[PDB]
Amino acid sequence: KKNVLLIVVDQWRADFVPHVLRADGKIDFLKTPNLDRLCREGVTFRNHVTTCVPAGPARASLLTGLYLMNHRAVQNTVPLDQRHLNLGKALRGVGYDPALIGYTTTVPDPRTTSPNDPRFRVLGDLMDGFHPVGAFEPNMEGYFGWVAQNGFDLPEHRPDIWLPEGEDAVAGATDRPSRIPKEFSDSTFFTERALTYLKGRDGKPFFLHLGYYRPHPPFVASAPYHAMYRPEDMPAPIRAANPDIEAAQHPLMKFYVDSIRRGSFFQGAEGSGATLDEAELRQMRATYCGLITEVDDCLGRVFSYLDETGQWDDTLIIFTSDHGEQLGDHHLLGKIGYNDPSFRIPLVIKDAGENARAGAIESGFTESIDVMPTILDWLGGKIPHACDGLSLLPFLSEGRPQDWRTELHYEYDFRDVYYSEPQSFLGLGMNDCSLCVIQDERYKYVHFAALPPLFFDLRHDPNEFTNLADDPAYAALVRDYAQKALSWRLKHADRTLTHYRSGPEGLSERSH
């Protein structure tokens, strides 16, 4: 029997993974024993990125194996064209039910449904082709209904469960717990749906997309996770001397430093994200770690059910996140722009049985578009022609293929959406608001469609403070990275029908 458990957390940074911290001799300032078990038993990928942000685009790439340049779900609220083959439909093609807990943040294709469809009122709904067994639902109604049915009285504005405890509490980074008990938290909800689904399967082969919302904000935690980590034990945020000096690097950086609000990160909070002080940012980081450890506790319950039913060694387990989180770096909160912390994400894979590379940490450059090909390959399917990504299965046996990619790539599109509208400030039209990034161990190149490019020397400037793109001494290097990025564009043009050929013998297909 073969099972696949795809765990997708939200907003969890790659540098909040204890197995990698310890390997580098750093203090592992947070506890994730269940993730650590996956790392001891499988392969941890230390240079994994999402190919775009925020949730809607990231999940389009994860669930189609396509770059943003091909899926075109370029921002939250922008439709996903129905033509793209997604993981749910591909799973049905190999005889698996594509069971899903959590959310996909997918706007339907308007050519397929009425313009009055309620799914157009929200950031996104479930992607067509999945079988929902534990949906957060539009406006988190699935979760709130479950809390209410469990007998907990909700406030009139339901997200006020995430105000800090106590009528005198000041909204923002907090040392207080939220107003929801642990047993009715959202992580508990998704976990109960996972256990219900696995118990219903009763040993039969499964695919399950187990989505967790946490550690997505609001950065407030149920007791006692709110108090589990001391602010002084957290890694310091990395940022310029002040927000103006930070913003001077690039107009897009200035837009986000100026515009991001605390209320998007802490329920009811007022003021700008960029003005948080070091103590507030350390408290935010401690609460973020508490939310992470709650998820890890919950995963322990899922893993316990797999152990008790004898299914652990039959299950391919993939742990990843949709995207990262700035967490105060560069004066930013959220998943925006071009910096490493928004795009670097965990990826740990435990094969069935005793893993040949158990415990290894892989530096090969991997991208979220590789996850769908990996799952389909493992289940014996053909990888769709159109996918941009490649199967990671060679990394679980002999290691990095000799012809594997030598750069990481990602994209970001910042055209206007209802809650964030940079076009007027930037002076740009909607089809000119994008960037792409190419990077390796030494250099990082950020190319904007219609704004200045950026170039960083990562050995000397690992935190991306010193743009070199306009320095004439770097002209040959900038040329080289722009050339690699341009080749990458040409190599990833759409592949839907390009293997077919007419000819004297009729219709044929080219394989190489």
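The first residue of the shown sequence is 1; numbering continues from there.
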Averaging C-alpha B-factors over each stretch, which comes out higher, 365-373 or 392-400? 392-400
Mean C-alpha B factor from the entry: is it higher for 467-475 or for 63-71? 467-475
Scanning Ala171, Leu252, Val437, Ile317 for peak Cα temperature factor in the entry gives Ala171
If you compare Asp128, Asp340, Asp413, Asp322, which has the highest Cα B-factor in the entry? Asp128
Chain thirds by Cα B factor, record data; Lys484 belongs to the lowest
Relative to the other modelled residues of the same chain, rank the CA B-factor of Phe152 and answer lowest, middle or highest third. highest
Sorting the chain's modelled residues by C-alpha B-factor, tell me whether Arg46 ends up in the lowest, middle or highest third. middle
Can you tell me which third, lowest, middle or highest, the CA B-factor of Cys52 falls into for its chain? lowest
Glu278, C-alpha B-factor rank within chain (lowest, middle or highest third): highest
